[PDB]
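Below is one structure; the comments refer to it alone.
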Amino acid sequence: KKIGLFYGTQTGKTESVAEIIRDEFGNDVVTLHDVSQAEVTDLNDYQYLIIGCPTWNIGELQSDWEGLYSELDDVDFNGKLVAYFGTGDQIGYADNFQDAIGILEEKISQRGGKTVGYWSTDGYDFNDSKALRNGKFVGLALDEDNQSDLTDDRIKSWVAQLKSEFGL
Ligand SMILES: Cc1cc2nc3c(=O)[nH]c(=O)nc-3n(C[C@H](O)[C@H](O)[C@H](O)COP(=O)(O)O)c2cc1C
């Protein structure tokens with residue numbers, strides 16, 4: 001209903017977590033959009049947005065979000081509130097951990113979206129990330145490769161935070 005979650009996935013991990021986010025919110029509040037099938041105009045239809053993306057190939061956007069990314073100057077995000085979550089691997093890719101959500105947040109915030117859902121960095125071991133902005137991660141950082149035991153917990157906490165900063 002009122003929250004549009006647009007995700008991309010290469011091997012399926014970011015899709016399974018978008019299903020949990022959806023269940024945690026309610027089940028009719030958020031509708032999911034796999035961005036291999038979305039047009040950039042679909043983002044226009046929501047005032048509260050959640051963007052989901054893994055980082056692939058040392059700091060790049062997942063292939064479907066990369067296709068869409070080059071069209072994001074064509075939508076105005078003023079007046080919208082946006083949260084971000086990504087899946088990635090902090091030991092394997094210690095210098096590029098979660099880069100994809102910092103790249104997508106830079107863009108959408110330049111186009112006037114206001115970022116909500118900032119997440120602390122404690123509990124992670126990484127060298128560098130593009131998602132680090134204003135002292136925190138720009139959104140929920142999950143790691144299914146090395147901290148899958150922590151995912152359900154982190155989603156429950158972040159969704160409770162977002163119902164506050166989204167105003168549900
Ligand atoms: C060859 C390869 C490159 C990867 N690159 C990055 C990277 O630069 N940063 C990061 O945080 N994780 C990186 N990852 C980890 C993936 O983001 C991670 O396994 C993720 O859950 C995949 O999600 P998906 O199944 O939704 O595509 C890499 C994975 C592979 C196997």
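By convention here, the chains of the structure tokens are called A, B, ... in the order presented, each chain's residues are numbered starting at 1, and ligands are numbered starting at 1 in the order presented.
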
**Request:** Counting only C-alpha atoms and all ligand atoms, name the residues that have an atom within 9 Å of an atom of ligand 1; the answer should be given as an NGL selection string.
**Result:** :A and (7-17 or 52-62 or 86-100 or 129 or 141-145)

**Prompt:** If you count only C-alpha atoms, which residues fall within 9 Å of residue 31 in chain A, apart from same-chain ones fewer than 3 positions away, as an MDAnalysis selection string?
**Reply:** chainID A and resid 1:6 22 27:28

Residues just named, written with N, CA, C and O atoms as a PDB file, in the first residue's frame:
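again22.pdb was written with the following content:
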```pdb
ATOM      1  N   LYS A   1       0.943  -1.090   0.000  1.00  0.00           N
ATOM      2  CA  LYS A   1       0.000   0.000   0.000  1.00  0.00           C
ATOM      3  C   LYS A   1       0.994   1.149   0.000  1.00  0.00           C
ATOM      4  O   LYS A   1       1.755   1.206  -0.960  1.00  0.00           O
ATOM      5  N   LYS A   2       1.210   1.902   1.065  1.00  0.00           N
ATOM      6  CA  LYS A   2       2.000   3.090   0.920  1.00  0.00           C
ATOM      7  C   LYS A   2       3.522   2.984   0.888  1.00  0.00           C
ATOM      8  O   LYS A   2       4.127   4.047   0.774  1.00  0.00           O
ATOM      9  N   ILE A   3       4.214   1.834   0.939  1.00  0.00           N
ATOM     10  CA  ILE A   3       5.686   1.876   0.856  1.00  0.00           C
ATOM     11  C   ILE A   3       6.132   1.068  -0.364  1.00  0.00           C
ATOM     12  O   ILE A   3       5.669  -0.074  -0.570  1.00  0.00           O
ATOM     13  N   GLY A   4       6.980   1.640  -1.235  1.00  0.00           N
ATOM     14  CA  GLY A   4       7.422   0.902  -2.387  1.00  0.00           C
ATOM     15  C   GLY A   4       8.836   0.467  -2.144  1.00  0.00           C
ATOM     16  O   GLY A   4       9.702   1.302  -1.901  1.00  0.00           O
ATOM     17  N   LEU A   5       9.076  -0.834  -2.155  1.00  0.00           N
ATOM     18  CA  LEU A   5      10.433  -1.344  -1.986  1.00  0.00           C
ATOM     19  C   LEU A   5      10.884  -1.912  -3.336  1.00  0.00           C
ATOM     20  O   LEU A   5      10.282  -2.875  -3.851  1.00  0.00           O
ATOM     21  N   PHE A   6      11.922  -1.244  -3.862  1.00  0.00           N
ATOM     22  CA  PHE A   6      12.527  -1.550  -5.134  1.00  0.00           C
ATOM     23  C   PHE A   6      13.873  -2.231  -4.885  1.00  0.00           C
ATOM     24  O   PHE A   6      14.795  -1.626  -4.326  1.00  0.00           O
ATOM     25  N   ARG A  22       9.210  -6.845   4.175  1.00  0.00           N
ATOM     26  CA  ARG A  22       7.796  -6.836   3.800  1.00  0.00           C
ATOM     27  C   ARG A  22       6.909  -7.471   4.861  1.00  0.00           C
ATOM     28  O   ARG A  22       5.940  -6.831   5.250  1.00  0.00           O
ATOM     29  N   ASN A  27       2.191  -6.463   5.768  1.00  0.00           N
ATOM     30  CA  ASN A  27       2.223  -7.389   4.652  1.00  0.00           C
ATOM     31  C   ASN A  27       1.523  -6.718   3.511  1.00  0.00           C
ATOM     32  O   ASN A  27       1.900  -6.958   2.371  1.00  0.00           O
ATOM     33  N   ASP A  28       0.561  -5.841   3.787  1.00  0.00           N
ATOM     34  CA  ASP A  28      -0.057  -4.973   2.787  1.00  0.00           C
ATOM     35  C   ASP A  28       0.515  -3.538   2.729  1.00  0.00           C
ATOM     36  O   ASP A  28       0.232  -2.773   1.784  1.00  0.00           O
TER      37      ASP A  28
END
```

**Asked** Which parts of range 42-116 of chain A does DSSP call strand (DSSP E or B) when run on the backbone here, written out as number ranges by chain?
**Response** A: 48-52, 55-56, 60-61, 81-87, 114-115

**Prompt:** Counting only C-alpha atoms, which of A:147, A:63, A:115, A:110 gets nearest to residue 134 in chain A?
**Reply:**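 Among the listed residues, the smallest separation from residue 134 in chain A belongs to A:115.
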
**Item:** Residue nearest residue 165 in chain A - candidates A:132, A:83, A:150, A:140, atoms counted: only C-alpha atoms
**Value:** A:83

**Item:** Residue neighbourhood residue 167 in chain A, 12 Å, only C-alpha atoms, exclusion window fewer than 4 positions, as a PyMOL selection string
**Value:** chain A and resi 2-3+47-48+81+116+159-163

**Asked** Can you tell me, as a ChimeraX atom specification, what residues are no more than 12 Å from range 41-44 of chain A when counting only C-alpha atoms, ignoring any on the same chain fewer than 6 positions away?
**Response** /A:2-7,31-35,50-51,68,71-82,108,113

Same residues, C-alpha atoms, saved as a JSON list (two decimals), in the first residue's frame:
```json
[["chain", "number", "residue", "atom", "x", "y", "z"],
["A", 2, "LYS", "CA", 2.00, 3.09, 0.92],
["A", 3, "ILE", "CA", 5.69, 1.88, 0.86],
["A", 4, "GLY", "CA", 7.42, 0.90, -2.39],
["A", 5, "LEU", "CA", 10.43, -1.34, -1.99],
["A", 6, "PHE", "CA", 12.53, -1.55, -5.13],
["A", 7, "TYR", "CA", 15.31, -4.18, -4.94],
["A", 31, "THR", "CA", 4.77, -3.88, -2.21],
["A", 32, "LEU", "CA", 7.86, -5.26, -3.70],
["A", 33, "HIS", "CA", 9.38, -4.39, -7.06],
["A", 34, "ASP", "CA", 12.15, -6.37, -8.59],
["A", 35, "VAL", "CA", 14.02, -3.75, -10.63],
["A", 50, "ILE", "CA", 12.89, 1.55, 0.37],
["A", 51, "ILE", "CA", 15.78, 0.82, -2.02],
["A", 68, "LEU", "CA", 18.12, 1.84, -13.90],
["A", 71, "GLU", "CA", 17.84, 7.13, -15.65],
["A", 72, "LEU", "CA", 17.51, 8.44, -12.04],
["A", 73, "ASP", "CA", 18.03, 12.10, -13.02],
["A", 74, "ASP", "CA", 14.71, 11.85, -14.83],
["A", 75, "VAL", "CA", 12.63, 11.58, -11.60],
["A", 76, "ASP", "CA", 12.24, 14.20, -8.95],
["A", 77, "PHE", "CA", 12.39, 12.81, -5.44],
["A", 78, "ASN", "CA", 11.58, 16.05, -3.57],
["A", 79, "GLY", "CA", 8.82, 15.41, -1.08],
["A", 80, "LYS", "CA", 9.71, 11.68, -0.79],
["A", 81, "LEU", "CA", 11.33, 9.83, 2.17],
["A", 82, "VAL", "CA", 13.72, 7.00, 1.32],
["A", 108, "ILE", "CA", 18.59, 9.99, -4.95],
["A", 113, "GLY", "CA", 14.95, 12.41, -1.64]]
```

**Request:** Could you find all residues in range 46-154 of chain A that DSSP calls helix (DSSP H, G or I) from the backbone, and write them as a list in words?
**Result:**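 Written out, the helix (DSSP H, G or I) residues of range 46-154 of chain A are residues 63, 64, 65, 66, 67, 68, 69, 72, 73, 74, 99, 100, 101, 102, 103, 104, 105, 106, 107, 108, 109, 110, 148, 149, 150, 151, 152, 153 and 154 of chain A.
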
**Request:** Find, counting only C-alpha atoms, the residue in A:164, A:36, A:109, A:146 that gets nearest to residue 133 in chain A.
**Result:** A:109

**Prompt:** Which residue out of A:106, A:153, A:39, A:45 has the minimum interatomic distance to residue 138 in chain A when only C-alpha atoms are used?
**Reply:** A:106

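Distance check against residue 166 in chain A using only C-alpha atoms: of A:103, A:18, A:30, A:49, the minimum falls on A:49.
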
**Asked** Distance CA of residue 65 in chain A-CA of residue 126 in chain A, one decimal place?
**Response** 23.6 Å
